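Below you'll find the structure, written out as structure tokens, and then a few comments.
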Amino acid sequence: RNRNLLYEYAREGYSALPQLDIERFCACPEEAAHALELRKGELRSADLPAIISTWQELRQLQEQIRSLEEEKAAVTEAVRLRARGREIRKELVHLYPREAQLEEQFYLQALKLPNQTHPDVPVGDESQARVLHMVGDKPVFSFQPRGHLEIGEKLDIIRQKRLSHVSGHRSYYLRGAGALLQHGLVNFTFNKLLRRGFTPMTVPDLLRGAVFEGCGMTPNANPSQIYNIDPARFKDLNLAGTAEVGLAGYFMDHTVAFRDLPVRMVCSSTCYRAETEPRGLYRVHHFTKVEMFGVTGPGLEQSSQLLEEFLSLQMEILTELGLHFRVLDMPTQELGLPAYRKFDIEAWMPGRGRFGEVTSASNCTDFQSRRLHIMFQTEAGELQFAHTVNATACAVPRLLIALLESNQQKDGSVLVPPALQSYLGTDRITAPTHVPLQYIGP
Amino acid sequence: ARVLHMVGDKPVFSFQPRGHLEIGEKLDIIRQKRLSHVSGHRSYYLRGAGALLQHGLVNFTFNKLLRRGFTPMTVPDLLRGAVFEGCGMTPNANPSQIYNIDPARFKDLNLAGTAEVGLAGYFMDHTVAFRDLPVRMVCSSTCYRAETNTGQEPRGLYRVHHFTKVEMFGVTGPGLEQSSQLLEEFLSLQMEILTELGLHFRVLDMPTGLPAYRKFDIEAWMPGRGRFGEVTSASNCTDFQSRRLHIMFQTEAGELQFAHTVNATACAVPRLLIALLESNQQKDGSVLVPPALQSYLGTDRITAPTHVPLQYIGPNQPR
RNA sequence: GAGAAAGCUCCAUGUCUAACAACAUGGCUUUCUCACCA
Ligand SMILES: Nc1ncnc2c1ncn2[C@@H]1O[C@H](COS(=O)(=O)NC(=O)[C@@H](N)CO)[C@@H](O)[C@H]1O
Ligand SMILES: Nc1ncnc2c1ncn2[C@@H]1O[C@H](COS(=O)(=O)NC(=O)[C@@H](N)CO)[C@@H](O)[C@H]1O
């Protein structure tokens, strides 16, 4: 019916069993209950005692198993007593199934537990979320600016009409200047990060369920938003929600030299979200976004500093583009299961009339590393778990909407910012020379 | 299988040719070790110089095509079954190259085998003005192939489930001559691109697939493989993608007619990477970067990465 | 991609053993087969 793929992975032996954090907060039950309630994840404080009790029972059984194994090893070495060995073997075999079942039940419930919440994260809804700062101002417009979809259809750059038969609902197409603008945006962000020293990386779109669970997303659920391929054609294959999931999978079960840390990887790849607005590019099933994900040093201070640098990069990119953007700290309620600290950057959209969230940065310091066993070995040779920070530099659909609506004009021409001016080759855009398509459908 | 043209000279190497995977692994650009669970089987990761090469090649080809007037375009990744049927690919058969989304979760949703299916969907049931013709648009998107052969060279980068492939799609006038000349132009453009890169290559003509009326196959000589490898496939089509999808173009008279479709591949990151790495292979394992791509990479000669390669701490290791 | 074989290029879960090993199930690494490259 319902079963995790991480416990199955550890049981089969594919990867080392993850190290849970229950022992970390077992010291004070009230603190953990308060943090979990504030996060308001799927698990609730009401159900925490059952998980803790099962864990304690599991620990006692494991200690007993270790003692019996030690006695059996001692008798075996001395003989190398037979009746005692037979009795010990019978006792251990009888106890083993029960211990395995107990472990399965406890780990199944424990996986649901979310990560620690940073004290400086406000508690409340998205509206309750605090605003860090705003760069730029709304452009003055003599007349009401039109919607991005309408401007796109008028210029024929974006085609969203009559697409159900071909691409299904919420499907969009980019043509002409729109396509060049998207390519220019991806290349401009890539070049800026490469100059900053980010190491380019490419991640496969298809990924297995274990990696997704480690990332923290729910791979299979009734309302699940991740696309899963048919089991008959292929088994345990899912479409990457974001590039960071692929990068995490690449880093799963591997070590990095201490000198290399911090490691920054920039990956550009298509992301498919089920997302189960009626029209427009605000909600799209698939889109292309450049993603910067980096694994920092063990120190939490280092992880936070890396997240701050990523935020600075996002701000510099949007300032260069010239869009009006406000950076607001995400609330505890929406932080999510795998995110410690999350920053949301919303770009003003005149046509939409509301700020739109386009960039999200998440500190996965202890959840993703523990789930996938990503660790960094120090010079002495010890292995220390490494914090991972993942953020999105830019998304073509949201940035296209913001740039088009911000630079729209009365004649219908859309101005192009100077940074993308070199890539496009035209200071502005004009009505398409080519005749727009004619619908001949019955 | 006639050889229309042969260009370039085979490189001369004192030492024996080295496989692309070995050169990449020593250089660390591409890792394909114990990636079964993480990314499925026969997937690949490009890092360091390899990623720069992939982005550089796609951007260089895109700039060259745009200079010639190609209208840039992007297509939706998810496509419906009817679109695939029109393009000549059928997912009904058990062995298929088209990934199939779960029917219960979503109905009739299939990943784009190639970018051509997306572009064909764009022109479905629509009429193009007789003056716009011919119309050539270049779309760059990742393409996923459902089945990659494991019988030969399984542990190789040559065949992969997901590869980045620039695709050029061009609609032409009613005349067969128009489509043929358009395809000829496409072939000349791709040949020029290969010559700029410097890869030795031979272009042959495929006899008679069923959807394509005519075909052109470009194979690039790779030293590490030691044998010719197909790198591009441009295949003309005549009133078939349109006649299946009901794609028609309105002439000056206004009569409805079915336009011809020509599809060509500007470049594919995996085969080009193999040929580029192998052709410039050096004694120390370093790979020379052609001057054309020097600006994009920005490094004259690739050297061993300073960062230490990743070690495996997973349970499936001898102890 | 499908099937099959082997243990190495070995790691796990179990049957009789005081216990190594020996045989099973599965993973991984190789090898042998039948098949698509739109
Ligand atoms: N249904 C959607 N359709 C199109 N674009 C979307 C959609 N949802 C979010 N986006 C865009 O994609 C970005 C992804 O941000 S996020 O999913 O919430 N966070 C991540 O993906 C983490 N991997 C960041 O490292 C958003 O900021 C927004 O710009
Ligand atoms: N398994 C594969 N892995 C990576 N690239 C591939 C693969 N198969 C084909 N290609 C790329 O796609 C090119 C054309 O082969 S093809 O997909 O069967 N034919 C087409 O793509 C044309 N119909 C338009 O793309 C190849 O030369 C190569 O560049």
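We did not get these values from a lab; they are worked out from the coordinates using the rules stated. Neighbour counts run over all protein chains shown; Cβ positions are idealised from the backbone, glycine included.
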Shielding of A:102-108 by partners, i.e. mean partner chain Cβ atoms within 10 Å per residue? 0
Return the average number of partner chain Cβ atoms within 10 angstrom of each residue Cβ along peptide B:98-106. 6
What whole number of Å gives the distance from the Cα centroid of segment A:112-154 to the Cα centroid of segment A:353-406? 18 Å
Sort B:91-102, A:296-307, A:17-28 by the packing proxy (mean of other Cβ within 10 Å over each peptide's residues), most packed first. A:296-307, B:91-102, A:17-28
Point-charge dipole on Cβ atoms (K/R +1, D/E -1) for segment B:1-302, about Cα centre, debye to 20: 980 debye
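Have a look at the DSSP beta bridges in chain B and tell me what percent are antiparallel, nearest 5.
90 percent
Here is the link list: A:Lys40/A:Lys138; B:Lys215/B:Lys283; B:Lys10/B:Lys64. Which ones come out longer than 32 Å on Cα distance?
A:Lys40/A:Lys138; B:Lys215/B:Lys283
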Hey, which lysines would be in cross-link range of B:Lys33, C-alpha to C-alpha under 22 Å, not counting anything within fewer than 8 residues on its own chain? A:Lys235
Within segment B:51-87, list the chymotrypsin sites (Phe, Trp or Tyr not before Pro) lying in a DSSP loop whose Cβ has at most 15 other Cβ atoms in a 10 Å radius. none
Show which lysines lie in cross-link reach of A:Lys154 when reach means a straight Cα distance below 17 angstrom and same-chain residues fewer than eight apart are skipped. A:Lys410
Treating only the Cβ of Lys, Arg, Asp and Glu as charged (+1, +1, -1, -1), what charge dipole size does segment B:240-298 show about its Cα centre? Round to the nearest 20 debye. 180 debye
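What average number of partner chain Cβ atoms lie no more than 10 Å from the Cβ of the residues making up A:215-228?
Average neighbour count from other chains, rounded to a whole number: 1.
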For the protein assembly as shown, with the dipole built from +1 on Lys and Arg beta-carbon atoms and -1 on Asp and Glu ones, taken about the Cα centre, which of A:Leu194, B:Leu273, A:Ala210 lies farthest toward the positive end? B:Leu273
Rounded to the nearest Å, what's the spacing between the alpha carbon centres of segment B:236-314 and segment A:303-319? Just the number, please. 33 Å
Under unit Cβ charges (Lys, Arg +1; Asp, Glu -1), what dipole magnitude, rounded to 20 debye, does the protein assembly as shown have relative to its Cα centre? 1160 debye
Given the candidates A:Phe385, A:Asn115, A:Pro418, the one whose Cα lies deepest towards the positive end of the charge dipole of chain A, counting +1 at each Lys or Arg C-beta and -1 at each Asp or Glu C-beta, is A:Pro418
Need the list of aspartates and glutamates near B:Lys165 for cross-linking: C-alpha distance under 19 angstrom, and skip anything on the same chain fewer than eight residues off. A:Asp205, B:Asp77, B:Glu116, B:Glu147, B:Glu192, B:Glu196, B:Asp217, B:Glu219, B:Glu230
